[PDB]
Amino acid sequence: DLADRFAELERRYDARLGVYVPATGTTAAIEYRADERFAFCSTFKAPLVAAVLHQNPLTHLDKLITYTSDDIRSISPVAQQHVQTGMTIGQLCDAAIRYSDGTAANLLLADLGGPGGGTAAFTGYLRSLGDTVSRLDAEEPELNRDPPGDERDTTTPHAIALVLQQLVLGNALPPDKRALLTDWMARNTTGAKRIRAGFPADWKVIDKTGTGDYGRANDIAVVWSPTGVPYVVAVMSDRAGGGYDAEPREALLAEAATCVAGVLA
């Protein structure tokens, strides 16, 4: 039984593990705490980019956004370099996915517009994909430091996996805009030690990671078998019992991904 290995990995790493792989036409669905709530962390930046692409034409990517040093509040290796020149919506998209730039996500949230800096509009976009569970309430970096048990800024492996399936595999975006999202996730630089490290090399892997306090470590991914069969793999975890400053364990997400690959083989 596979759920025995997941609970074994939970005990070995002193964490709570959540795994969901939507069932394909050939294989069954993998579930472990799939309907339990985990914090979004940086993984929300993937459907955030799709939200801007969905509501705006392709020419919107050339719009230049100027910002001040007071807007830099989270880890922003790209936004800190263009404070004087500004960045276009396209560059904010590239930074929000590949480098998980915090303020780039906050600026994209503002581009969604609406109350709460665009968090209300963002959750509304998740509702259009049929997801009535996830919700974003804060901006960066507050959405990462919510206490355990709090439902604000949380999703579930079941909910986030099906969202990612419609965006990459489904037609929730036209193919011209769908290709831009996939290329950003394919050249991601922040998830080399997670789902990518758990699957063999001849498996294609695109992903968007997430890390927060309380030992939070997420990774939502779309993998391709060596023959070309696509799957959706949502792996999230936290270590609330270890405290606020608990260290996240990337090895947990990598070990769990290898268990998923063994079943899909």
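We call the rigid core whatever largest set of C-alpha positions still superposes within 1.5 Å between the two forms. Note that residue numbering follows the sequence shown and begins at 1.
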Original post:
Relative to the presented form, and with the rigid core used for superposition, do the C-alpha atoms of 45-53 or of 59-67 deviate more in 5 other deposited structures of this protein?
Top reply: 59-67
Original post:
150-158 versus 85-93: which one's CA atoms end up farther from this form in 5 other deposited structures of this protein after a core fit?
Top reply: 85-93
Original post:
Averaging C-alpha B-factors over each stretch, which comes out higher, 252-260 or 8-16?
Top reply: 8-16
Original post:
Comparing 156-164 with 135-143, which stretch shows the greater average C-alpha B-factor in the deposited entry?
Top reply: 135-143
Original post:
Which has the highest CA B-factor per the PDB entry: 89, 172, 110, 185?
Top reply: 110
**OP:** Go through 39, 240, 223, 235 one by one and give the residue whose Cα B-factor in the PDB entry is largest.
**Re:** 240
**OP:** Would you check the entry's CA temperature factor for residue 208 and let me know if it's in the chain's lowest, middle or highest third?
**Re:** lowest
Original post:
For residue 123, does the deposited CA B-factor place it in the lowest, middle or highest third of the chain?
Top reply: middle
**OP:** For residue 47, return the chain-relative third of its C-alpha B-factor as stated in the PDB record: lowest, middle or highest.
**Re:** middle
Subject >> Third of the chain's Cα B-factor distribution that residue 60 belongs to, per the entry >> reply: highest
Original post:
Split the chain's modelled residues into thirds by Cα B-factor; is residue 228 in the lowest, middle or highest one?
Top reply: lowest
